[PDB]
Amino acid sequence: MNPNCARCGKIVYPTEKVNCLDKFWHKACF
Ligand SMILES: [Zn+2]
């Protein structure tokens, strides 16, 4: 039940918890 990127679709590992509004993305997916 891992957080998938709100843009690409892949799991956002705890390494790459991008801070948008309220959820998780990756670096280039911000
Ligand atoms: Zn992504």
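Residues numbered from 1 in each chain as written, not as in the entry; some residues may be left out. Heavy atoms only, no water.

- For this deposition, the record names solution NMR as the technique by which the model was determined.

### Structural notes on the coordination of the zinc ion
- The zinc ion binds to the protein through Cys5 (SG), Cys8 (SG), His26 (ND1) and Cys29 (SG); the donor distances cover 2.0 to 2.3 Å.
- One can describe the site at the zinc ion as tetrahedral: its four donor atoms subtend angles covering 98 to 119° at the metal.
- Judged by relative accessible area, which is 41%, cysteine 8 ranks as partly exposed. (Donors = N, O, S within 2.8 Å, 3.2 Å for Na, K, Ca; no water. Tetrahedral: all angles 85-135°; square planar, octahedral: opposite > 155°, others 65-115°. Buried < 20%, exposed > 50% of the residue type's maximum accessible area, 1.4 Å probe, protein only.)

### Here's the deal with the packing of aromatic side chains
- Across all of its chains, the model carries zero aromatic pairs by this definition.
- Cation over ring: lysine 17 sits above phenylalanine 24, and NZ or CZ is 4.0 Å from the ring centre. (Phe/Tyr/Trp six-rings, centres within 6.5 Å; stacked < 30°, edge-to-face > 60°. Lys NZ or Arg CZ within 6 Å of the ring centre and 35° of its normal.)

### Focus: the pattern of salt bridges
- Scanning the entire structure with this criterion turns up one salt bridge.
- One salt bridge connects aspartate 22 with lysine 23, and the closest N-O pair in it is separated by 2.7 Å.
- Overall, the relative accessible area of 56% leaves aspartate 22 in the exposed class.
- Take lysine 23: its relative accessible area is 38%, and that puts it in the partly exposed class. (Salt bridge = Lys/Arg side-chain N within 4 Å of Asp/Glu carboxyl O.)

### Notes on the side chain of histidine 26
- You can call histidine 26 buried: its relative accessible area is 9%.
- Among the polar contacts listed, one links the side chain of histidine 26 to the backbone oxygen of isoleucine 11, at a separation of 2.8 Å.
- Aside from chain neighbours lying at most four places away, what touches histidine 26 is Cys5, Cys8, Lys10, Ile11, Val12, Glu16 and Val18. (Polar contact = N/O pair within 3.5 Å; in protein donor to acceptor, adjacent residues only side chain to side chain. Contact = heavy atoms within 4.5 Å.)

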